[PDB]
Amino acid sequence: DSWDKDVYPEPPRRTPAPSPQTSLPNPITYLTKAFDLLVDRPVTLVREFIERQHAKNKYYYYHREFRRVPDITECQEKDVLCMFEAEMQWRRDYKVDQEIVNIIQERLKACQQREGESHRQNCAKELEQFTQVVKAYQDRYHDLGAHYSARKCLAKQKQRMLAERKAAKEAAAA
Amino acid sequence: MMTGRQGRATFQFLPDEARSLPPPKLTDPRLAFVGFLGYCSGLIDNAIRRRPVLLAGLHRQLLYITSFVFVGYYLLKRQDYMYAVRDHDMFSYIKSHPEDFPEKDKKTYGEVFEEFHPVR
């Protein structure tokens, strides 16, 4: 297969069987028999020729994997060598998280088109996830600014955590 | 500020202790630039006297280059010595007064509190 089916789900297709009632012929049915003979088959011949060439000299490319490194929380102040690797790792994860929100958004848009006029109901699992990730993405990376960095991300989290532990502490005193 | 230095021999271009420092290399980038300056002085010498700039007085152009490189070599030798002295005094003074230069207490970023100013 081309893409992993789990990452991009698709419910099974149900094509209703044709059931003609009129005596006239269906023009599309004959066109489908003329398109699949003068377009589909000739194109398949060229591809099969091209596909055979590729199999003769197969060669591979690998998906680079990055070894984990200490995060910004484990780096001494004004320690560039330790802060450099931690900062670079943070930037890579920021890029990955950007694409995750793109995967979820892509799934959400697909549901709206696939489900047609009933999209407002059948698209409930996707929309819940989309709101789930977007809330998480907003907290991790938002209002940081153009000169964003791991330090500002750490500071923002510590601002949220303090305002949460204080809220939790004083809730019991209500 | 480095005048009454304790280890000092006054009115000496290169004291004895400078000989324990590596000499500037004859391929030093600074020394090539000084030589290039000599060559430029040669061309200007031809120009102001209305002589062919590139060809006239090749013997004269050779002594412009050599004199600049010769003088430049010794100035660079003294330049690197005066910076070696500054570091030598700086480090000795730090040892003599450890209380004034303590080893900074290092705290990770996980604990040090830095305020966050959002950009919105």
# chains A, B, ... in the order shown; residues from 1 in each chain; ligands from 1

call {"tool": "interface_residues", "arguments": {"of": "chain B", "to": "chain A", "cutoff": "6 Å", "atoms": "only C-alpha atoms", "output": "MDAnalysis selection string"}}
result
chainID B and resid 107:110 114 116 118:120

call {"tool": "residues_around", "arguments": {"residues": "residue 87 of chain A", "least_positions_apart": "2", "cutoff": "8 Å", "atoms": "only C-alpha atoms", "output": "list in words"}}
result
residues 71, 72, 83, 84, 85, 89, 90, 91, 149 and 150 of chain A

call {"tool": "atom_distance", "arguments": {"atom1": "atom CA of residue 36 of chain B", "atom2": "atom CA of residue 69 of chain B"}}
result
8.9 Å

call {"tool": "select_by_dssp", "arguments": {"residues": "segment 13-100 of chain B", "states": "alpha helix (DSSP H)", "output": "MDAnalysis selection string"}}
result
chainID B and resid 29:48 58:96
